[PDB]
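Numbering (the entry's author numbering) for the sequence shown: 2 to 203, 209 to 500, 508 to 621, 627 to 759. For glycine and all other residues, C-beta sits at the position ideal for the given N, C-alpha and C.
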Amino acid sequence: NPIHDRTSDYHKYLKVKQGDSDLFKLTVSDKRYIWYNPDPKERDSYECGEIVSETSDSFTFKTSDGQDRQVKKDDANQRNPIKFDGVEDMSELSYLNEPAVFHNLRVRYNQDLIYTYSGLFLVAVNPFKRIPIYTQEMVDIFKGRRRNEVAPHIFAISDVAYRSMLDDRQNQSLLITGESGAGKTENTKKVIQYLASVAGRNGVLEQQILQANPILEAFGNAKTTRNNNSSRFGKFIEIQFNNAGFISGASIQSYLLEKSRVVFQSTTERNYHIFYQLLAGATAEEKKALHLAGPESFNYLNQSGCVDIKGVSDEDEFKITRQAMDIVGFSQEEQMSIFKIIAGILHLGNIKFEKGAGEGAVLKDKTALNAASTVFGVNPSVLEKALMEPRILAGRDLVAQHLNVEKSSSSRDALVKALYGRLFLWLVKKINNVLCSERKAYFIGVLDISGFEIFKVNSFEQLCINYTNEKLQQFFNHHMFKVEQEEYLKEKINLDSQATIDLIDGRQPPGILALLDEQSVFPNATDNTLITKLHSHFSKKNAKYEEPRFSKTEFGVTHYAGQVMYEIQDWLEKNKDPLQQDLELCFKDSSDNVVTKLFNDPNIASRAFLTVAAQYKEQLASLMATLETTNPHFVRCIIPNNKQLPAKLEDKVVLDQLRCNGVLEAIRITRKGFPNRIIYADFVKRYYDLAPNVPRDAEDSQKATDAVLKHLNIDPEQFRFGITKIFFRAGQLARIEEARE
Ligand SMILES: Nc1ncnc2c1ncn2[C@@H]1O[C@H](COP(=O)(O)OP(=O)(O)OP(O)(O)=S)[C@@H](O)[C@H]1O
Ligand SMILES: [Mg+2]
């Protein structure tokens, strides 16, 4: 029993190493400490200062430099006793301040212990290196063990959810959020891995389930500056089980795919993997059949400067990709056609428009055009026309407009994005067909989406994601509320979100999105019309809104995680997500069997006519609706720094994450009440010695508990006698720990 075998890798990689003695005395020390900032400017940089003395109302300690300072007792960030260093649950700390929470986390991360509970949450810090804790043998250990029975681990959370499901006959949810490169995806794959093993048919379906990711990642993931394998879409995976607890199916829901990246990538970034997998993996044969070339040869791949990922083989990845398509069950035809699309898009990107003639655009060279049309199976001349001379409705009239160069270009780009986005939807639906069960008994859904996003530039998509985030945070808070309430009750112990939410999605008065939809009808509205209307309704009128002192194209929202400034450029376009009808016509006719789908199926070809914002709001609401039906589990993934490096846990970086993600809030809140809630028996074991009275092992543990306390002459308001646990307010237990044997 590896859990008891101090020599196992379980013990090596998942636990704080244990010595021979457990004796209370070892940890004996006379010294007391505080967490201080050696620069009040840099607020997340603390040092530990021993406390030299105290006053009736303050503390006076010595800094690192031998420098002495004074602090208000009431402002002190007291350091937990060393015994607490490395606890598995932050909920176990007596002093629950910020430097303190960070310190426990860091102690743990320094031993490569990346998972730590914080009440209801599982906090996970990206190690940025391999830790062999995801083996089958590792899977095997977590089977049927209570949270409190094993070390923190994604597997653990997964096991709790699965037993809960079987036990309570209730659906469950695992919400894995955090920033780019934080490890959401990695953890998501481990949850599925785990389920697949604990509940799989001891597997074909299990295989197809697994192989679905890989497929999605090729088309929806890319190299960005924050992550070599960034998910440029959000997802909600539903793992379906039958009444007996065996995996019966699955369904996936995708959100917010970054279609833009298809036509543009920032420097050092790559387009989606697939492009490169195809280009490096196609047979010298398919190449020619696809008119393929290097990446350097394609405008959509030759701009970021980056065409390769360190320690990554696109060709090798292609195989893999192609392999999964196989498993899931994509026909060769389908497969070819999918490639053909990937290919055509590449060709479209290579279309050069020139002017001269007059002002309208022209295609002096038709090579690219020919190639794209060819692969798509559409008519080049029709394509040509639909791109540069779209017929447009002036009411009665349906007249062809001759587009200029840029406009022509923007249209081809729009075609490309629709192709990509639609193909992605189609892949998803294809997989679901295969995997999904109409009739299922239970499910455990996993959400793998970004947490709050606050970049340099925040656009429409950031607002969306941040809106989702407000909803999930408010979901957490409500949950936390019942759960925390349930508990006190069981032992016999005694919003702002809404306003932000309304600001965004309100119908009356109208919020940001309703105004944006309104502006959306008018062909002639502009980003200026839009932003002016926004300021007209909320500047000094809604407390969550801020009109900037000088910018004319931005506005701020006070979000849960703090203010975000958004820039309004292109929102109208984004909101409508326009594609010329002649382009729809052109492609509808596609000889291609798959192409035909992308344009002929309203479930793929269209939104409903709904705006992009309306659709987003609608999908978020179903989402939450579903979640409302489950028993949720929260995973907070934390990036340790901005460099993709191991052994480099940056306080500022980290602290920031903890503030925004609800971890520090939960605590502050928990802190307020009775944070420490110990099993009577557990208390006594550790403290019997402190009282000229009590024996380590007593059957009357509550009584034994009242002894030490009394021995100790501890304050009654500082602790609450719970049926099973002893509830200790903040610092109390630290003091107690701080007592003589
Ligand atoms: N437990 C882990 N062990 C080792 N590496 C990990 C672990 N979790 C994440 N990583 C590393 O971190 C990288 C990025 O993590 P991801 O799981 O892709 O992040 P993410 O939160 O999905 O980020 P996005 O998709 O950009 S919002 C991985 O590809 C690994 O290098
Ligand atoms: Mg991801």
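Original post:
Do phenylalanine 746 and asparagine 694 have their CB atoms nearer than 8 Å?
Top reply: yes
Original post:
From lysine 63 to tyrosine 96, what distance separates their C-alpha atoms?
Top reply: 20 Å
**OP:** Can you tell me which of the three DSSP states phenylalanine 270 falls into?
**Re:** Of the three classes helix, strand and coil, the one that applies to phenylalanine 270 here is coil, per DSSP.
Subject >> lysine 185 beta carbon near ligand 2 (any heavy atom closer than 7 Å) >> reply: yes
Subject >> Any non-hydrogen atom of ligand 4 closer than 7 Å to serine 237 Cβ >> reply: Ligand 4 is not among the ligands present in this structure, which contains only ligand 1 and ligand 2.
**OP:** Please state whether DSSP places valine 318 in a helix, a strand or coil.
**Re:** coil
Original post:
How would you write the range of the beta strand (DSSP E) that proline 220 sits in, first residue to last?
Top reply: That residue, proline 220, is in no beta strand (DSSP E); its alpha helix (DSSP H) goes 210-226.
Original post:
Any heavy atom of ligand 1 closer than 7 Å to the CB of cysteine 470?
Top reply: The answer is no for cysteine 470.
Original post:
Relative to the C-alpha of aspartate 10, which residue among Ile134, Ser533, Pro41 is closest?
Top reply: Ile134
**OP:** Assign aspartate 707 to buried or exposed, taking buried as 16 or more other Cβ atoms, counted over all protein chains shown, within 10 Å of its Cβ.
**Re:** It counts as buried.
**OP:** Decide if the stretch 350-360 is in contact with the stretch 368-378; the criterion is three or more beta carbon pairs, one per stretch, under 8 Å apart.
**Re:** Segments in contact, yes.
Original post:
Any chance the CB of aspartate 90 is under 7 Å from a heavy atom of ligand 2?
Top reply: no
**OP:** Compute the beta-carbon to beta-carbon distance between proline 82 and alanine 752, rounded to the nearest angstrom, for a pair I have assumed lies under 8 Å.
**Re:** 5 Å
Original post:
Which word fits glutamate 717, buried or exposed, when buried means at least 16 other C-beta atoms lie within 10 angstroms of its C-beta?
Top reply: exposed
Original post:
Thinking C-beta only, is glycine 287 closer than 8 Å to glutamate 339?
Top reply: no
Original post:
Does the separation of the CB atoms of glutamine 532 and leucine 585 fall below 8 Å?
Top reply: yes
Original post:
Does the Cβ of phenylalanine 627 have 16 or more other Cβ atoms within 10 Å, making it buried, or fewer, making it exposed?
Top reply: exposed
Subject >> Per-residue DSSP class, three states only, for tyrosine 705 >> reply: helix
Original post:
Is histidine 651 helix, strand or coil when you go by DSSP?
Top reply: strand
**OP:** Inspect the CB distances between the stretch 421-438 and the stretch 248-267 and report whether three or more fall short of 8 Å.
**Re:** yes
Subject >> Alpha-carbon spacing of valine 384 relative to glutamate 180, whole angstroms >> reply: Going from the Cα of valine 384 to the Cα of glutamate 180 covers about 41 Å.
Original post:
Can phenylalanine 225 and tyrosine 278 be called in contact, C-beta distance under 8 Å?
Top reply: yes
Subject >> Uninterrupted alpha helix (DSSP H) stretches inside the stretch 3-65 (no shorter than 4 residues) >> reply: 10-15
**OP:** Measuring alpha carbon to alpha carbon, tell me which of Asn679, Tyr195, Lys635 ends up nearest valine 653.
**Re:** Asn679
Subject >> Segment limits, beta strand (DSSP E) that includes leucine 453 >> reply: Bounds of the beta strand (DSSP E) holding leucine 453 are 448-454.
**OP:** Select from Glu683, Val608, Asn127, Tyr261 the residue whose C-alpha is nearest the C-alpha of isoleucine 657.
**Re:** Minimum Cα distance to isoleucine 657 is reached at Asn127.
Subject >> Segments assigned alpha helix (DSSP H), at least 4 residues, entirely inside the stretch 552-618 >> reply: 584-589, 594-601, 606-613, 615-618
**OP:** Excluding the 5 residues preceding and the 5 following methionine 642 in the sequence, name in chain order all residues of the same chain whose CB lies nearer than 7 Å to its CB.
**Re:** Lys477, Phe481
**OP:** Grab the span of the beta strand (DSSP E) containing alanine 256 for me, first residue to last.
**Re:** 253-261
Original post:
For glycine 311, does the count of other Cβ atoms within 10 angstroms reach 16, so buried, or fall short, so exposed?
Top reply: exposed
Original post:
Are three or more beta carbon pairs between the stretch 592-607 and the stretch 554-565 nearer than 8 Å?
Top reply: These segments do not touch.
Subject >> Pairwise C-alpha distance: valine 29 and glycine 749 >> reply: Cα to Cα, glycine 749 sits roughly 17 Å from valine 29.
**OP:** Using alpha carbons as the reference points, say which of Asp76, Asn2, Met91 lies closest to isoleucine 35.
**Re:** Closest option to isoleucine 35, Cα to Cα, is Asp76.
Original post:
Helix or strand or just coil, what does DSSP make of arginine 747?
Top reply: Looking at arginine 747 - three-state DSSP - the assignment turns out to be coil, as it is neither helix nor strand.
Original post:
Going along the chain, which residues of its own chain have a beta-carbon closer than 8 Å to the beta-carbon of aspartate 530, five neighbours each way excluded?
Top reply: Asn588, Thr629, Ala631, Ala632
**OP:** Assign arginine 44 to buried or exposed, taking buried as 16 or more other Cβ atoms, counted over all protein chains shown, within 10 Å of its Cβ.
**Re:** Exposed, because fewer than 16 other Cβ atoms sit within 10 Å of the Cβ of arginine 44.
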